[PDB]
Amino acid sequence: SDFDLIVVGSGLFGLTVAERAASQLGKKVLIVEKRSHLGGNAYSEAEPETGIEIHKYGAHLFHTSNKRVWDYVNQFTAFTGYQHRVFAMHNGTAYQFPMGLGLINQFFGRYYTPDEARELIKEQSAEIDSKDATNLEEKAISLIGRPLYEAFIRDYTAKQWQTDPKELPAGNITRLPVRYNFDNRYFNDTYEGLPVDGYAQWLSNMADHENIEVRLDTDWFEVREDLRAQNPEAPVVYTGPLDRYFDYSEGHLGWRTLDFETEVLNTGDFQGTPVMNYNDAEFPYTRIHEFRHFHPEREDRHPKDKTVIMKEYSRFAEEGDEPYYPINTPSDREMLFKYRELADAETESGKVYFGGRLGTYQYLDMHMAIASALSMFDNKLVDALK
């Protein structure tokens, strides 16, 4: 045949399935991608004026404690020593973030020893007890108290979800968001970095295999009947939207979307840090990314006087609006449940597997998606190709 496997979508999930089939089973793999580029939402490209790498589907920071995933991805790219850090803007002051001795000092007026801060939090938060909380505002206050909740969580959360926090499931805060030290690494994971030559270069390296064919600008649904005809029981990994596959025959799955406002400013440096969160309601956006700071190791190939920034806005996804985050109203998880048995059927019906964030309606970090793909490869696909 000309191919042994078809992969719909070229995000990390599809790519990982592809690469494994090509390199490990030596099979011929056709990848079909709807967009103009490889990569799915992890894709980055250079802003034209400055040459600075930007991510057009949201900033992507890579981090894992899964050694298997880490060793895997380093096959395709090297990473930088970048450690992610975030600052939080509130009442004209950039606060250290997340909540720890750093923020506590700036906000409450003086230094608290680690023990002093535990005690501080005990009082501040003893108003509501965590088992008698009903919504999100309560659950938060019950954990960290009102002054902190109202300054660093209330408006930020409301912006991100377009909703009053009193109207949100108390289940959305599960642990204490406070550190009793000065450690402000954003992520707690073993391995962390950015792809040295950017995401696009990395993603491309995954598909660069003598057994992998890629057709960009190709909707699966327009060419499925044709391609399956050419080799009828080559199996398919589908990583497109799950509900769309079954023609919304059980209703439209609810996503949150993001709008990105991207300016080139005529300064070398706009905030002197990769990400600045904006926590007060008087700003429409949740945060601003200044991308040159994501790769300081390149500063001598960066414009000395311009910088590309990008403001992030959040709202509910309508038609054509990119799906980013699943919403998961209970009136969402029920039509999921029905689609999963539709799919399971379709998997034993027509050898079509469903994976990745769109095809399972699930938020996945990059390492999570890659792990998910590697799982499906080893447990489902190795058998499906012999």
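Heads up: residue numbers just count along the shown sequence, starting at 1.
When the mean C-alpha temperature factors of 336 to 344 and 349 to 357 are read from the deposited coordinates, 336 to 344 comes out higher. Per-stretch averaging of Cα B factors for 223 to 231 and 75 to 83 places 223 to 231 on top. Residue-level inspection of the entry shows that, of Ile31, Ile52, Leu38, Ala317, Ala317 has the top Cα B-factor. Among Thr190, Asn181, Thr273, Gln160, the highest C-alpha B-factor in the deposited entry belongs to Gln160.
In the PDB entry, a CA B factor belonging to the highest third of its chain's modelled residues is recorded for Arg175. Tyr57: CA B factor in the middle third of modelled residues in this chain (values from the PDB entry). Ranked by C-alpha B-factor against the other modelled residues of its chain, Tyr156 falls in the highest third. Ranked by C-alpha B-factor against the other modelled residues of its chain, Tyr278 falls in the middle third.
Ranked by Cα temperature factor within the chain, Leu103 sits in the middle third according to the deposited record.
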